[PDB]
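Colleague: Structure file my_file-v8.pdb (PDB, C-alpha atoms) is given on the next line.
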```pdb
ATOM      1  CA  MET A   1     134.099 101.318 -56.879  1.00  0.00           C
ATOM      2  CA  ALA A   2     135.886 100.103 -53.681  1.00  0.00           C
ATOM      3  CA  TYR A   3     138.888 101.001 -51.414  1.00  0.00           C
ATOM      4  CA  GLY A   4     140.825  97.769 -52.370  1.00  0.00           C
ATOM      5  CA  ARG A   5     141.625  97.137 -48.621  1.00  0.00           C
ATOM      6  CA  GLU A   6     138.749  94.791 -47.613  1.00  0.00           C
ATOM      7  CA  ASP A   7     140.220  91.210 -47.476  1.00  0.00           C
ATOM      8  CA  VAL A   8     141.730  91.552 -43.940  1.00  0.00           C
ATOM      9  CA  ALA A   9     138.522  93.110 -42.516  1.00  0.00           C
ATOM     10  CA  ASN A  10     136.320  90.559 -44.393  1.00  0.00           C
ATOM     11  CA  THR A  11     138.397  87.728 -42.796  1.00  0.00           C
ATOM     12  CA  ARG A  12     138.116  89.409 -39.336  1.00  0.00           C
ATOM     13  CA  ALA A  13     134.301  89.792 -39.904  1.00  0.00           C
ATOM     14  CA  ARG A  14     133.911  86.025 -40.650  1.00  0.00           C
ATOM     15  CA  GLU A  15     136.023  85.281 -37.548  1.00  0.00           C
ATOM     16  CA  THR A  16     134.023  87.814 -35.416  1.00  0.00           C
ATOM     17  CA  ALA A  17     130.805  86.072 -36.545  1.00  0.00           C
ATOM     18  CA  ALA A  18     132.182  82.627 -35.496  1.00  0.00           C
ATOM     19  CA  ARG A  19     133.317  84.160 -32.116  1.00  0.00           C
ATOM     20  CA  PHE A  20     129.868  85.787 -31.670  1.00  0.00           C
ATOM     21  CA  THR A  21     128.092  82.482 -32.601  1.00  0.00           C
ATOM     22  CA  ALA A  22     130.117  80.656 -29.880  1.00  0.00           C
ATOM     23  CA  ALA A  23     129.402  83.521 -27.383  1.00  0.00           C
ATOM     24  CA  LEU A  24     125.651  83.218 -28.262  1.00  0.00           C
ATOM     25  CA  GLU A  25     125.871  79.407 -27.620  1.00  0.00           C
ATOM     26  CA  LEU A  26     127.398  80.381 -24.214  1.00  0.00           C
ATOM     27  CA  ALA A  27     124.399  82.737 -23.721  1.00  0.00           C
ATOM     28  CA  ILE A  28     121.837  79.932 -24.484  1.00  0.00           C
ATOM     29  CA  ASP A  29     123.728  77.548 -22.120  1.00  0.00           C
ATOM     30  CA  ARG A  30     123.745  80.295 -19.397  1.00  0.00           C
ATOM     31  CA  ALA A  31     120.004  81.177 -19.804  1.00  0.00           C
ATOM     32  CA  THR A  32     118.723  77.768 -18.498  1.00  0.00           C
ATOM     33  CA  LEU A  33     121.097  78.101 -15.474  1.00  0.00           C
ATOM     34  CA  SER A  34     120.321  81.804 -14.708  1.00  0.00           C
ATOM     35  CA  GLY A  35     116.486  81.540 -14.186  1.00  0.00           C
ATOM     36  CA  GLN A  36     115.901  84.623 -16.466  1.00  0.00           C
ATOM     37  CA  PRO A  37     116.575  85.130 -20.239  1.00  0.00           C
ATOM     38  CA  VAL A  38     120.211  86.129 -21.046  1.00  0.00           C
ATOM     39  CA  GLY A  39     121.084  89.169 -23.199  1.00  0.00           C
ATOM     40  CA  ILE A  40     123.858  90.907 -25.171  1.00  0.00           C
ATOM     41  CA  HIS A  41     124.759  94.612 -24.921  1.00  0.00           C
ATOM     42  CA  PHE A  42     126.024  96.394 -28.089  1.00  0.00           C
ATOM     43  CA  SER A  43     127.708  99.850 -28.455  1.00  0.00           C
ATOM     44  CA  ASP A  44     129.781  99.592 -31.745  1.00  0.00           C
ATOM     45  CA  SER A  45     133.236 100.001 -30.027  1.00  0.00           C
ATOM     46  CA  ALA A  46     132.236  97.202 -27.577  1.00  0.00           C
ATOM     47  CA  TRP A  47     129.573  94.563 -26.725  1.00  0.00           C
ATOM     48  CA  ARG A  48     129.053  92.031 -23.823  1.00  0.00           C
ATOM     49  CA  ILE A  49     126.858  89.146 -22.636  1.00  0.00           C
ATOM     50  CA  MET A  50     124.516  89.994 -19.649  1.00  0.00           C
ATOM     51  CA  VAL A  51     122.699  88.047 -16.856  1.00  0.00           C
ATOM     52  CA  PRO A  52     120.293  88.571 -13.865  1.00  0.00           C
ATOM     53  CA  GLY A  53     121.373  89.710 -10.361  1.00  0.00           C
ATOM     54  CA  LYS A  54     119.798  90.012  -6.816  1.00  0.00           C
ATOM     55  CA  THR A  55     116.834  87.792  -7.981  1.00  0.00           C
ATOM     56  CA  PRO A  56     115.907  85.617 -11.043  1.00  0.00           C
ATOM     57  CA  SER A  57     112.148  86.259 -10.319  1.00  0.00           C
ATOM     58  CA  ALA A  58     112.068  89.829 -11.816  1.00  0.00           C
ATOM     59  CA  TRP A  59     113.708  91.780 -14.727  1.00  0.00           C
ATOM     60  CA  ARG A  60     117.307  92.758 -13.704  1.00  0.00           C
ATOM     61  CA  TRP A  61     120.740  92.960 -15.442  1.00  0.00           C
ATOM     62  CA  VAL A  62     124.509  92.591 -14.722  1.00  0.00           C
ATOM     63  CA  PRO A  63     127.433  92.327 -17.264  1.00  0.00           C
ATOM     64  CA  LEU A  64     128.604  88.687 -17.705  1.00  0.00           C
ATOM     65  CA  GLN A  65     132.327  89.197 -16.853  1.00  0.00           C
ATOM     66  CA  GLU A  66     132.512  87.255 -13.511  1.00  0.00           C
ATOM     67  CA  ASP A  67     135.177  85.146 -15.367  1.00  0.00           C
ATOM     68  CA  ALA A  68     134.660  85.967 -19.130  1.00  0.00           C
ATOM     69  CA  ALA A  69     136.576  89.244 -18.339  1.00  0.00           C
ATOM     70  CA  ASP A  70     137.785  90.804 -21.679  1.00  0.00           C
ATOM     71  CA  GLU A  71     136.519  87.641 -23.528  1.00  0.00           C
ATOM     72  CA  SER A  72     132.791  88.642 -23.400  1.00  0.00           C
ATOM     73  CA  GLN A  73     133.829  92.024 -24.982  1.00  0.00           C
ATOM     74  CA  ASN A  74     135.918  93.866 -27.697  1.00  0.00           C
ATOM     75  CA  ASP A  75     138.854  91.333 -28.185  1.00  0.00           C
ATOM     76  CA  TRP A  76     137.288  89.405 -31.162  1.00  0.00           C
ATOM     77  CA  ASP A  77     138.583  91.824 -33.904  1.00  0.00           C
ATOM     78  CA  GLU A  78     141.109  94.572 -34.915  1.00  0.00           C
ATOM     79  CA  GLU A  79     139.427  95.761 -38.209  1.00  0.00           C
ATOM     80  CA  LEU A  80     135.632  96.331 -37.639  1.00  0.00           C
ATOM     81  CA  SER A  81     132.804  98.719 -36.698  1.00  0.00           C
ATOM     82  CA  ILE A  82     129.437  97.174 -35.619  1.00  0.00           C
ATOM     83  CA  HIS A  83     125.810  98.274 -36.200  1.00  0.00           C
ATOM     84  CA  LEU A  84     122.364  96.676 -35.520  1.00  0.00           C
ATOM     85  CA  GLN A  85     118.529  97.044 -35.899  1.00  0.00           C
ATOM     86  CA  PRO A  86     115.654  97.363 -34.833  1.00  0.00           C
ATOM     87  CA  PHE A  87     117.608  98.201 -31.599  1.00  0.00           C
ATOM     88  CA  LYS A  88     120.668 100.598 -31.641  1.00  0.00           C
ATOM     89  CA  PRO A  89     124.411 100.504 -30.650  1.00  0.00           C
ATOM     90  CA  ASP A  90     124.121 102.402 -27.324  1.00  0.00           C
ATOM     91  CA  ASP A  91     125.528 102.231 -23.717  1.00  0.00           C
ATOM     92  CA  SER A  92     122.060 101.323 -22.245  1.00  0.00           C
ATOM     93  CA  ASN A  93     121.171 100.084 -18.709  1.00  0.00           C
ATOM     94  CA  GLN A  94     119.916  96.870 -20.499  1.00  0.00           C
ATOM     95  CA  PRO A  95     121.177  94.538 -23.313  1.00  0.00           C
ATOM     96  CA  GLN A  96     120.249  95.209 -27.005  1.00  0.00           C
ATOM     97  CA  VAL A  97     119.574  91.438 -27.770  1.00  0.00           C
ATOM     98  CA  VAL A  98     117.789  88.780 -25.553  1.00  0.00           C
ATOM     99  CA  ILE A  99     117.979  84.916 -25.499  1.00  0.00           C
ATOM    100  CA  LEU A 100     115.558  82.374 -23.927  1.00  0.00           C
ATOM    101  CA  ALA A 101     116.571  79.169 -22.055  1.00  0.00           C
ATOM    102  CA  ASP A 102     115.032  77.070 -24.916  1.00  0.00           C
ATOM    103  CA  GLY A 103     117.322  78.760 -27.555  1.00  0.00           C
ATOM    104  CA  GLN A 104     114.654  81.176 -28.926  1.00  0.00           C
ATOM    105  CA  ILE A 105     116.255  84.546 -29.798  1.00  0.00           C
ATOM    106  CA  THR A 106     114.667  88.043 -29.994  1.00  0.00           C
ATOM    107  CA  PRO A 107     114.605  89.052 -33.765  1.00  0.00           C
ATOM    108  CA  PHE A 108     117.338  91.505 -34.979  1.00  0.00           C
ATOM    109  CA  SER A 109     120.020  92.087 -37.672  1.00  0.00           C
ATOM    110  CA  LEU A 110     123.719  92.884 -36.964  1.00  0.00           C
ATOM    111  CA  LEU A 111     126.092  94.397 -39.585  1.00  0.00           C
ATOM    112  CA  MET A 112     129.930  94.664 -39.768  1.00  0.00           C
ATOM    113  CA  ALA A 113     131.899  97.413 -41.588  1.00  0.00           C
ATOM    114  CA  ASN A 114     135.673  97.733 -42.263  1.00  0.00           C
ATOM    115  CA  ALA A 115     137.093 100.332 -39.809  1.00  0.00           C
ATOM    116  CA  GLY A 116     139.764 101.351 -42.434  1.00  0.00           C
ATOM    117  CA  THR A 117     137.323 102.194 -45.323  1.00  0.00           C
ATOM    118  CA  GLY A 118     133.685 102.312 -44.029  1.00  0.00           C
ATOM    119  CA  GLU A 119     132.638  99.466 -46.432  1.00  0.00           C
ATOM    120  CA  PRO A 120     130.343  96.583 -45.201  1.00  0.00           C
ATOM    121  CA  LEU A 121     131.826  93.017 -45.315  1.00  0.00           C
ATOM    122  CA  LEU A 122     129.226  90.891 -43.533  1.00  0.00           C
ATOM    123  CA  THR A 123     125.777  90.899 -41.866  1.00  0.00           C
ATOM    124  CA  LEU A 124     124.054  88.457 -39.445  1.00  0.00           C
ATOM    125  CA  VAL A 125     120.239  87.932 -39.228  1.00  0.00           C
ATOM    126  CA  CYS A 126     117.818  86.610 -36.534  1.00  0.00           C
ATOM    127  CA  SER A 127     114.140  85.558 -37.063  1.00  0.00           C
ATOM    128  CA  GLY A 128     113.215  83.823 -33.724  1.00  0.00           C
ATOM    129  CA  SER A 129     115.720  80.990 -32.872  1.00  0.00           C
ATOM    130  CA  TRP A 130     119.395  79.843 -32.729  1.00  0.00           C
ATOM    131  CA  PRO A 131     121.734  80.418 -34.617  1.00  0.00           C
ATOM    132  CA  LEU A 132     121.857  83.677 -36.676  1.00  0.00           C
ATOM    133  CA  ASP A 133     122.148  83.511 -40.493  1.00  0.00           C
ATOM    134  CA  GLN A 134     125.410  84.881 -42.010  1.00  0.00           C
ATOM    135  CA  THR A 135     125.508  86.870 -45.308  1.00  0.00           C
ATOM    136  CA  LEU A 136     128.221  88.612 -47.378  1.00  0.00           C
ATOM    137  CA  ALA A 137     127.774  92.412 -47.089  1.00  0.00           C
ATOM    138  CA  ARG A 138     123.884  92.708 -46.993  1.00  0.00           C
ATOM    139  CA  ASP A 139     122.936  90.016 -49.605  1.00  0.00           C
ATOM    140  CA  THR A 140     120.012  88.587 -47.457  1.00  0.00           C
ATOM    141  CA  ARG A 141     119.287  91.752 -45.324  1.00  0.00           C
ATOM    142  CA  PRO A 142     117.390  94.566 -47.240  1.00  0.00           C
TER     143      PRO A 142
END
```
Please express what this file holds, its structure, as structure tokens.

Modeller:
Amino acid sequence: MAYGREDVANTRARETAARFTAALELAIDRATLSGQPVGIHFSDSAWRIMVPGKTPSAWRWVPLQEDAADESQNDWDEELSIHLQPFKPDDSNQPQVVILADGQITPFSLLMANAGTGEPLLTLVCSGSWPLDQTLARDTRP
């Protein structure tokens, strides 16, 4: 059984994954320049890339919107709700994902659900390095 209202959200999920993959390429390109690993905050209703501040020599964080203002966050969709693991969608003082200058990525999985029905359309999976692996609903993500 299904709501019969998934095709628009499934298209927006596939788009949101392409937009995220480009934003994660941006994060890898920024990490070699920043002198500290880059990260990505996640909170379901929004997300954003993040960078060091005051010093590169110690763990610190600032939202990456010095020019990516409202392009780093929320604008990528009009049909989705976002979830992840082993971290959680939460308004933390730090990012929920982290990226090295070499393109190594902290393991996680990120899932997308249709905001009109609650049904999953797509999931993305990370196992140590760029890029994430896309799947329909949860087909590769137990």

Colleague: May I have the residues within 7 Å of residue A:97 as a PyMOL selection string, using all atoms listed in the file and disregarding those fewer than 4 positions away in the same chain?

Modeller: chain A and resi 39-41+106

Colleague: With 12 Å as the cut-off and all atoms listed in the file counted, what is the closest atom pair between each nearby residue of stretch 25-55 of chain A and stretch 11-19 of chain A? Distances in Å to one decimal, ordered by chain and number, as a tab-separated table.

Modeller:
```
residue	atom	partner	partner_atom	distance
A:25	CA	A:19	CA	9.9
A:26	CA	A:19	CA	10.6
A:47	CA	A:16	CA	11.9
```

Colleague: Using the chain letters and residue numbers of this document, give as number ranges by chain the residues selected by the PyMOL selection byres ((chain A and resi 108) around 12).

Modeller: A: 40, 83-88, 96-99, 105-107, 109-111, 123-129, 131-133, 141

Colleague: Convert the current residue selection to file output with C-alpha atoms, as a JSON list (two decimals), keeping the file's coordinate frame.

Modeller:
```
[["chain", "number", "residue", "atom", "x", "y", "z"],
["A", 40, "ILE", "CA", 123.86, 90.91, -25.17],
["A", 83, "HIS", "CA", 125.81, 98.27, -36.20],
["A", 84, "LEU", "CA", 122.36, 96.68, -35.52],
["A", 85, "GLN", "CA", 118.53, 97.04, -35.90],
["A", 86, "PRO", "CA", 115.65, 97.36, -34.83],
["A", 87, "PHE", "CA", 117.61, 98.20, -31.60],
["A", 88, "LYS", "CA", 120.67, 100.60, -31.64],
["A", 96, "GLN", "CA", 120.25, 95.21, -27.00],
["A", 97, "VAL", "CA", 119.57, 91.44, -27.77],
["A", 98, "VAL", "CA", 117.79, 88.78, -25.55],
["A", 99, "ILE", "CA", 117.98, 84.92, -25.50],
["A", 105, "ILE", "CA", 116.26, 84.55, -29.80],
["A", 106, "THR", "CA", 114.67, 88.04, -29.99],
["A", 107, "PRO", "CA", 114.60, 89.05, -33.76],
["A", 109, "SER", "CA", 120.02, 92.09, -37.67],
["A", 110, "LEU", "CA", 123.72, 92.88, -36.96],
["A", 111, "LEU", "CA", 126.09, 94.40, -39.58],
["A", 123, "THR", "CA", 125.78, 90.90, -41.87],
["A", 124, "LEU", "CA", 124.05, 88.46, -39.44],
["A", 125, "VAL", "CA", 120.24, 87.93, -39.23],
["A", 126, "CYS", "CA", 117.82, 86.61, -36.53],
["A", 127, "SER", "CA", 114.14, 85.56, -37.06],
["A", 128, "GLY", "CA", 113.22, 83.82, -33.72],
["A", 129, "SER", "CA", 115.72, 80.99, -32.87],
["A", 131, "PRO", "CA", 121.73, 80.42, -34.62],
["A", 132, "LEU", "CA", 121.86, 83.68, -36.68],
["A", 133, "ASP", "CA", 122.15, 83.51, -40.49],
["A", 141, "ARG", "CA", 119.29, 91.75, -45.32]]
```

Colleague: Give the padded box for stretch 7-18 of chain A as lines of an AutoDock Vina configuration file: axis-aligned, covering all atoms listed in the file, 3 Å on each side, centre and edge lengths in Å to one decimal.

Modeller:
```
center_x = 136.3
center_y = 87.9
center_z = -41.4
size_x = 16.9
size_y = 16.5
size_z = 18.1
```

Colleague: If I take atom CA of residue A:8 and atom CA of residue A:135, how far is one from the other in Å, to one decimal?

Modeller: 16.9 Å

Colleague: Name the residues that the PyMOL selection byres ((chain A and resi 9) around 8) pulls out of this structure, and write them as a PDB file with C-alpha atoms, keeping the file's coordinate frame.

Modeller:
```pdb
ATOM      1  CA  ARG A   5     141.625  97.137 -48.621  1.00  0.00           C
ATOM      2  CA  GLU A   6     138.749  94.791 -47.613  1.00  0.00           C
ATOM      3  CA  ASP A   7     140.220  91.210 -47.476  1.00  0.00           C
ATOM      4  CA  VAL A   8     141.730  91.552 -43.940  1.00  0.00           C
ATOM      5  CA  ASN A  10     136.320  90.559 -44.393  1.00  0.00           C
ATOM      6  CA  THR A  11     138.397  87.728 -42.796  1.00  0.00           C
ATOM      7  CA  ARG A  12     138.116  89.409 -39.336  1.00  0.00           C
ATOM      8  CA  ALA A  13     134.301  89.792 -39.904  1.00  0.00           C
ATOM      9  CA  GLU A  79     139.427  95.761 -38.209  1.00  0.00           C
ATOM     10  CA  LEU A  80     135.632  96.331 -37.639  1.00  0.00           C
ATOM     11  CA  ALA A 113     131.899  97.413 -41.588  1.00  0.00           C
ATOM     12  CA  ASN A 114     135.673  97.733 -42.263  1.00  0.00           C
ATOM     13  CA  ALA A 115     137.093 100.332 -39.809  1.00  0.00           C
ATOM     14  CA  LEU A 121     131.826  93.017 -45.315  1.00  0.00           C
TER      15      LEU A 121
END
```

Colleague: Could you tell me which of A:66, A:43, A:38, A:1 comes closest to residue A:90 if we count only C-alpha atoms?

Modeller: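 Checking each candidate against residue A:90, we get A:43 as the closest.
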
Colleague: Enter the distance from atom CA of residue A:104 to atom CA of residue A:74, in Å, rounded to one decimal.

Modeller: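 Calculated distance between atom CA of residue A:104 and atom CA of residue A:74 is 24.8 Å.
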
Colleague: Can you tell me how far atom CA of residue A:50 sits from atom CA of residue A:94, in Å to one decimal?

Modeller: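 So the answer is 8.3 Å.
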
Colleague: Env of residue A:101: 10 Å cut, atoms = all atoms listed in the file, seq-sep filter 2 positions within chain, self excluded. Answer as a PyMOL selection string.

Modeller: chain A and resi 27-38+99+103-105

Colleague: Please determine, counting all atoms listed in the file, which residue among A:4, A:56, A:142, A:63 has the shortest atom-to-atom distance to residue A:92.

Modeller: A:63
